[PDB]
There are 6 protein chains.
Amino acid sequence: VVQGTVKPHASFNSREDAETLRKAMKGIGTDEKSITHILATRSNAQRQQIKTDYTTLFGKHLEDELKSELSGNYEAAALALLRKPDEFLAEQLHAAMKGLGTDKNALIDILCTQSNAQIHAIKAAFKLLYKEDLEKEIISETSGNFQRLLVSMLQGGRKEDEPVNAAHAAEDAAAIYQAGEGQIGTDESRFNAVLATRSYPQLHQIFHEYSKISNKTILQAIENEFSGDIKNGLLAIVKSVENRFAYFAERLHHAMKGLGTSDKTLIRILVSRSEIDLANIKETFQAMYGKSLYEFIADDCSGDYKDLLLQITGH
Amino acid sequence: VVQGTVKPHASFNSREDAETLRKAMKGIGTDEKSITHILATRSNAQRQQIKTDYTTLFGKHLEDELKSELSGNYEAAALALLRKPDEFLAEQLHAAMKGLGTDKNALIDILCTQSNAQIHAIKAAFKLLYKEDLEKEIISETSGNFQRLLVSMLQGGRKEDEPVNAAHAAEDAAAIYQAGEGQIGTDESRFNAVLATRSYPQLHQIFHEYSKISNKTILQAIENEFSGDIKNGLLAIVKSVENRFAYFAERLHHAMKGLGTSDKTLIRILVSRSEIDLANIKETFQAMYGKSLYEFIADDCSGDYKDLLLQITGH
Amino acid sequence: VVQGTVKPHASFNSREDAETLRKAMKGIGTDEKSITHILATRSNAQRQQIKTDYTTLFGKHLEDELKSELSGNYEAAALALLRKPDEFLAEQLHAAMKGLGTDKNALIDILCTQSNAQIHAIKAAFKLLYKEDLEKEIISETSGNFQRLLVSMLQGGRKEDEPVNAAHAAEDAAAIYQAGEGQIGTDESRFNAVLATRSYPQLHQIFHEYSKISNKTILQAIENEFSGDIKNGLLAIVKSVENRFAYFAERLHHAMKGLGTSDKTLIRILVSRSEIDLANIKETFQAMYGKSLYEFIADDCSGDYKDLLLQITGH
Amino acid sequence: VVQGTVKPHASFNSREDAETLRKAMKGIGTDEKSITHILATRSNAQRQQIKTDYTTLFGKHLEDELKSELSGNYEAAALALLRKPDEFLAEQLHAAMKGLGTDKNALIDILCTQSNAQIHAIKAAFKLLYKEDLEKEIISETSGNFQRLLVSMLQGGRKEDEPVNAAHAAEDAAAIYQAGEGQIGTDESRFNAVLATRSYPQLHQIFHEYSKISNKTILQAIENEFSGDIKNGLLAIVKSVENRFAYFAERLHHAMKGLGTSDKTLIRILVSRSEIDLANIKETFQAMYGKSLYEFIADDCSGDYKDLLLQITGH
Amino acid sequence: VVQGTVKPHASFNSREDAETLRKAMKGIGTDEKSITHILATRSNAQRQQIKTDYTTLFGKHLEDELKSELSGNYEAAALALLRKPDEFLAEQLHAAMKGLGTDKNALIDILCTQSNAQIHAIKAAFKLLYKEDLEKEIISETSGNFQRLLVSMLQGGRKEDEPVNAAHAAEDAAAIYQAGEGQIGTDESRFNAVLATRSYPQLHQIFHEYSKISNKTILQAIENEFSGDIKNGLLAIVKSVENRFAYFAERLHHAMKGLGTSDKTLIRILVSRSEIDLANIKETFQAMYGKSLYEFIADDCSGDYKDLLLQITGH
Amino acid sequence: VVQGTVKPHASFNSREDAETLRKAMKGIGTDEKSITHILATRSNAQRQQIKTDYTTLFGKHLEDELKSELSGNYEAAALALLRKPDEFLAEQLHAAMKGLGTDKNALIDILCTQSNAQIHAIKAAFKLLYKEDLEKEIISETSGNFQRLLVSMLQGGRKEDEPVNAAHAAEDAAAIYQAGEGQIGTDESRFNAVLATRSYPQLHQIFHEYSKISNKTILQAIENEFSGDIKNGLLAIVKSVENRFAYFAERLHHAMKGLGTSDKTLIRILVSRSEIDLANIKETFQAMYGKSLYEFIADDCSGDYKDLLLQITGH
Ligand SMILES: [Ca+2]
Ligand SMILES: [Ca+2]
Ligand SMILES: [Ca+2]
Ligand SMILES: [Ca+2]
Ligand SMILES: [Ca+2]
Ligand SMILES: [Ca+2]
Ligand SMILES: [Ca+2]
Ligand SMILES: [Ca+2]
Ligand SMILES: [Ca+2]
Ligand SMILES: [Ca+2]
Ligand SMILES: [Ca+2]
């Protein structure tokens, strides 16, 4: 069972909840504790009904009230939870591209880990939100091999119906070897080609065949053959195929490293995976680092922000 | 029975009808009599087929031919009957906002008296027509408590399935009392919340419970508690709930009241209700005013304009 | 001497005037008389600085305060005064085109009476206001000979430096005669050509010449040759040449004719001429109809609306 | 049976075909013979699958590869085959309008020969491609009777389910006679009216009736009465009714006659009809011209362009 | 003397600097140390010529090369230096609004601290950059009093030529006393009006006059009367009037506060001020915290990011 | 002396000229002979005043008349003559890109042969006409090294005032030798860099230096190093430096070669240069081919089309 850590409130009443939120903001001070309680303990779909009831009740959109009443990471993390999932990811790409500089790790997290269908939903929410084509925007903010990998990812053209086939897999592994390790130069497009088109089951088989023909894993071959964005983007696909839980777990760890948090990263992953597989991600992070995700968050974030993240995630 | 005064013409032939309209315009002179007769005795859906056929037969749109051949109120009323119904109100909203000044009675007649689905259809048609968000244009031409009521109306978020419940009605009646009569200042927000979200049947119940706890009616308190547009909008809601027929009946009277006519308002109600409840409105007007709606129109407008309105309205 | 009736206020202090306007709207109640006083006794240029100081002081634009606190024809005339002149006419054209149906009398008044330079400023104000091209919107709301005349007008191609020449004027007079009276059918384009490109002084000479070679005046020939919109447009140009003062006067009268004021026509001409030739127009108004413009307005309009018009126009 | 000359390839593998295309382009030289082979022997739907897989394997769109690697008519023909059929005709429309002059016969080829459904699909594609309205663009690049025929065509309003009826047909056959032959002037609008609105089977009946009340066929009648753009537009409607295959054969013949080749017309007809009726068109050509379409093309084209076109067409 | 820390490089050769940058990026590896040196030791005006030459030499824009070759805060800071100063602030604004949530402190740093001329340059750059109106976006991402103060700032309508005058200053200060301290409720608007319209010197006087009538300073008074965004915005204007250098000092300090670093904030101020008053800000910072800005950045930043920041700043 | 072949008509009267054009199109048929005469013997600036007067006179644009009244190459050339010169080129680019496929030779003719001033005016005209960025459209329809060359050309960044420097010229010729002839592979970026940024006189000196270190000329090295579009682009630059007249002569000759005519290229070069250097181009053409340009056009074209080309060119 793959599952998230956020469950719909039983005995849901959005009108009451929307009045509850009004109560916390109404007048001097903010009852953030009340805000955090409602947003964290209701599911996204319920949050969407709460948003509807607030606007109808008060003539102001809930997001705007929070933009005014909350600040910093707490603010952002509250607004993230209010986004419909697809919209949240679309806006995350928008911010990754059109802020100061390019957040290329964010683009990899989002575009190198999706199924065809997920990719297409995100493209449609992006068009909807900004009235522009997502691929057009990525090509204006990236270039070279990295750009091409992202363009491949955006077609949603993975042959997801391709069955596992050891013989062909061995053939692809040999072609990958030849394109990288087995030569002085590199045929990068062969790495792009295999990793973007083969079904996840068949890529798993390809990686197993690869380990048979070299003394390095595909992971090591790529790490050694490339650098910078294109290396990270190719690695992210391998990792998402072998263990997506670990991919996120690993990303979560790195976001929280040292005396400072990549708060965008932490918020995006916890929220976006909140109702899909954050339970397994929690399980995997434990095994991988011995420490609970929670304690990691608890000791990296402060105030209400920390309290909200803690409550979505779970112990 | 609730119903309008315009019904589909039998033995309908859209092609013939388009050739008739052409005839009435080609060569020196304009046969307004024939143009009126076609427009007033063919239903909205039939008129759309006439427009398609006219354009296909002549390579010019009917609307553009009328815009050239007709003038003043007759032109507007003819054009108003050619519009699809959701389109008509979209353009009416548009014109109430982006012309000189803000026609707020128009906004109230249109946005305070609709059902959830009704509103949604209007917003959909507005987007279709102006490639803009009705809400965004609304917020640019209004402000304060009036804007917020309009925003609430535009959500289409009334809990239309809320059952009549005397107890809950009294909780709500008291809230509104304490927010208005019961204090020196006002909580308009509570008026907004209740009037926008409760279903019509429970609201009717609420005004009743209100009269049990106050010496004023809801009508009087609202009259006494506010001023201008915000007063008018909330009142418009209470009136639509108790008797939509009355409300429309009234605006008709006001439109034709004065030694001059609010021709804009007259065309809008006559046309937009023509296939829904204008008969009932007719039945009610006569009740409130003794004079029949037709006679009032026959007395207050002239020429082709009058004749068009008369034919749509019926005796 | 040619001059308006509104004159710059002496010892002008925009910051003070904006404070007064605030005080008039702040709290329950609206002091329309102070608002009327500031608006009508300050020049348009001065109004622009008061709008500036009002937004800077209070973080809300003056027009938006007026859109909320004022209504009907008063709101409209007050807002009319706040617009810069090019903007006011560009918006008037917009409203004439984009409302329900077409206000072609509005198009002629504005488009058929201006100088090359006035049309250009209006075209530029329109684009700045709506992003769209004026000529392109006109072509979509009009057709046939009338559309072409307004397109001619939109070029600002009149030969304003063509000097009075009797010989050439007689030739123009002859082609126009042959164009209409001289034949069974018409050469409407010849009417368009001469009336659009000749200078006003030369056109005056051409009309003098026409009445010599014909038993009809150019006015009567046009009346006789054409109908509807294109007839009124060509008529308007002849009247604007002979006496612009009489043209607006007539429009004013007509606007106030019978039992109903075309209030936008009235508002439009009182506002847009207010600082140009409103003085000469009132003079001519008296001459043609025995009553002062003032008395006609005061007898035809009411309340705050009436006060404002009266105060901008003066006795 | 009516059918095209291009059929889906047996044992289709779009990943292999995409790899084949890349091989033909990568490195030194370009293997046009292999490009032609893949394009000409796979169906349009297959080519779409090949496009998706090329972009997914390599991170670059196939069209862009060809835009760089190919040149002249060969590039245009190859790109044409890659377009979805509706997009192809939409783009063909654009290029007929938005280039230097106006390719009016192209506009006739495309808008006067389609069914209602086909017209609606081309319109939607155009709006998809360009974010503009086809009608709106057509009205900006054409005028007069010619424009109106194209506007008629663009409504997709033909009464396609109109049953044959000798009596009503004769009425139209007489009306059309009077609009042209039975006088010195012409009533063009009647030719427009009947030619755009009646079902193809009923028009065919009307052409029959026409011959019974005239000396000249409707073709001859139309030739005589009209000239230029509108004459060819009306003639194209009569031809599409009487012998659609004959029309294209004629156009094809026309493209290749003289001292050159109208290659854009040649490519547009062969490609757009390749999976529709190029077979029957090929037959009719030989019937009318005694020489095969293949031979004519072999005679008139050269290089990979010729090769490509010959392969599409078939002996 | 007030001045920045970056000066034009002597014997400048943009063609050469562009080749230098090319050389640092081509092939295996990246010479970040050479990129840092060109960017930090050439002035913004020199950097613009370097961009022009890079693009002309190589057919790729410098910004795009760094978006690929660089990452994280180093990428951001390098890209920030390449932006023209007006464009930099505008895109800084865009990012404060259109990411996830609102960077309210960024809005205040940029919008409540400029001269009228500076504010108009920023808006013009934004319009050029985003093809949208700055104020429009602002009203969408902020609300209430904080929104109103920002709309005030955007007008650029401060009366900068208002002379210092004790009497008018005592008035303002007394009016300010009554709107906060003096009364139970608050008249926020009075604070908004005085702080937005008064010249900085008159504001200085007005703050003295407040000290004459209250035991609270203007800061204590505002701290006492408000909270959240509007409090911070009003405090910022006072601080900007009293000592602009100390405001940046305090904001830099706070950016590097925690364990920590608001890098977005740190980058914006050092870059935005690098050529204006950073030297004085450097002086002031030493004074306020007894440690140099330099050693502060050094201990708070790492790698090539800190290297660039240290070089821009200087010891 | 460098000059065109079209000179302003003596005793110019645009009103009369417009009347001449109307007459040649009104009624039975068209006087193509009179239209050719006005277009061919008036200058562009005079044509612009003629256009303005026709539209003012008649309320339709001259371009729109010719689009209906003229066809084929004849329509195209007249319309070309009517365009303002910067507009004409922007539209040549547009058509080269947004028709079926890409006309790469036209992009080279236009973008590889201009001064910085000339390119900036073309971009500005393109942005005007299409509300788009020319560089963005270019990158959409080109790729690889050819795209990069076009992007360089679009910066308008040539150091046109670079003094001839023999030491630098020898350096530049040695780096180009090492980037091509000198090694097995190629450093395309170095050809790009030198050919786009150096002044024409310095390039001339560089080409001379090349022949001191190589057995090939620079033309030969490029021919042997590259193929396809990039080769042609680099060659056009070299040819433009050495003798632009010849480049144009050479393209003209190519366009008139074969058993047809690239009328696109012929019209573009004759029109675009008619008032710049077509006289000098005619000489050089004579010198290179032995036959005059006039007789070549005469041999290759027909009808009014040939007539107009011939009259523009002159003997
Ligand atoms: Ca960016
Ligand atoms: Ca290798
Ligand atoms: Ca408005
Ligand atoms: Ca109260
Ligand atoms: Ca209209
Ligand atoms: Ca006549
Ligand atoms: Ca065109
Ligand atoms: Ca935001
Ligand atoms: Ca207080
Ligand atoms: Ca193209
Ligand atoms: Ca080499």
Side-chain angles (χ1 to χ4, degrees), chain A residues 3-26 30-92 94-95 118 121-122 125 128-129 264 266-279 304-314, chain B residues 116 135 151-152 154-159 193 196-197, chain E residues 99-102 141 143:
Chain A
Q3 73 184 331
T5 61
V6 183
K7 229 233 106 238
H9 188 75
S11 291
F12 179 52
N13 188 307
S14 51
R15 176 188 286 185
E16 227 194 76
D17 284 348
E19 295 273 354
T20 299
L21 291 180
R22 219 324 207 302
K23 205 188 142 180
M25 298 195 271
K26 224 175 226 165
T30 308
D31 185 7
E32 296 98 341
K33 213 254 201 148
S34 189
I35 295 157
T36 296
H37 178 67
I38 304 303
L39 299 186
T41 63
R42 277 59 171 165
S43 71
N44 192 278
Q46 296 177 322
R47 285 190 210 112
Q48 300 313 310
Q49 233 229 273
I50 293 179
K51 276 161 52 172
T52 293
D53 279 6
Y54 192 89
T55 308
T56 311
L57 282 172
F58 308 112
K60 283 182 196 176
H61 282 88
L62 215 216
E63 300 96 306
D64 295 316
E65 301 273 65
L66 292 193
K67 292 176 190 128
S68 169
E69 297 305 88
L70 307 190
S71 84
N73 289 329
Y74 186 44
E75 180 200 351
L79 296 170
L81 286 155
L82 287 179
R83 283 298 199 183
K84 286 193 258 238
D86 300 343
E87 244 188 61
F88 175 53
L89 290 176
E91 169 177 77
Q92 286 290 293
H94 190 75
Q118 281 170 325
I122 293 168
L128 197 37
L129 270 176
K264 287 160 141 235
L266 184 60
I267 295 166
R268 165 178 66 252
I269 288 179
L270 294 170
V271 171
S272 61
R273 299 267 119 186
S274 71
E275 286 169 32
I276 300 174
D277 51 9
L278 183 45
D304 292 288
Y305 171 43
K306 166 189 128 198
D307 181 24
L308 177 56
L309 261 37
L310 300 185
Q311 284 190 56
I312 291 125
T313 298
Chain B
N116 282 344
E135 170 160 2
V151 167
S152 284
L154 287 169
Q155 311 310 306
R158 182 177 302 284
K159 196 159 169 338
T197 54
Chain E
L100 201 225
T102 309
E141 302 298 330
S143 63

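Every chain is numbered from 1, with letters handed out A, B, ... down the list of sequences.
- Residues A:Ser272 and A:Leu89 form a side-chain contact, since some pair of their non-hydrogen atoms from C-beta on lies under 4.5 Å apart.
- One distance of note links CD of A:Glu65 with OG1 of A:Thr30; it measures 10.5 Å at 0.5 Å rounding.
- Under a 3.5 Å cut-off, the side chain of A:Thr5 and the backbone N or O of A:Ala279 do not form any donor-acceptor pair.
- Between the side chain of A:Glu75 and the backbone N or O of E:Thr102, at least one donor-acceptor pair lies under 3.5 Å.
- The shortest distance between side-chain heavy atoms of A:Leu266 and A:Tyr305 falls below 4.5 Å.
- Inter-residue side-chain proximity for A:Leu66 and A:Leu39 is flagged as met; some heavy-atom pair is nearer than 4.5 Å.
- Distance check, rounded to the nearest 0.5 Å: CD of A:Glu19 to OG1 of B:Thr197 gives 7.5 Å.
- The shortest distance between side-chain heavy atoms of A:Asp307 and A:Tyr74 does not fall below 4.5 Å.
- Annotation: side chain of B:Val151 is not in contact with side chain of A:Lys60 (no heavy-atom distance under 4.5 Å).
- Atom CD of A:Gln48 and atom CG of A:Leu62 lie 10.0 Å apart (nearest 0.5 Å).
- Using a cut-off of 4.0 Å between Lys/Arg side-chain N and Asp/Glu carboxylate O, A:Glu63 and A:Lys51 are scored as salt-bridged.
- Distance alone, capped at 3.5 Å, is enough to place a donor-acceptor pair between the B:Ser152 side chain and the A:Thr55 backbone.
- A:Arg268 places no side-chain N or O within donor-acceptor distance of the main-chain N or O of A:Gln92, the cut-off being under 3.5 Å.
- Atom NZ of A:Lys84 sits in a sparse spot, with 12 or fewer heavy atoms from other residues, nucleotides or ligands closer than 6.0 Å.
- A donor-acceptor pair is defined here as one N or O able to donate and one able to accept, closer than 3.5 Å; such a pair exists between the side chain of A:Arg47 and the backbone of A:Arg42.
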A:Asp64 and E:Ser143: side chain to side chain donor-acceptor pair (under 3.5 Å), yes or no, with the steps?
-> CA-CA 7 Å; A:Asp64 295 316; E:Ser143 63; over 6 Å; no

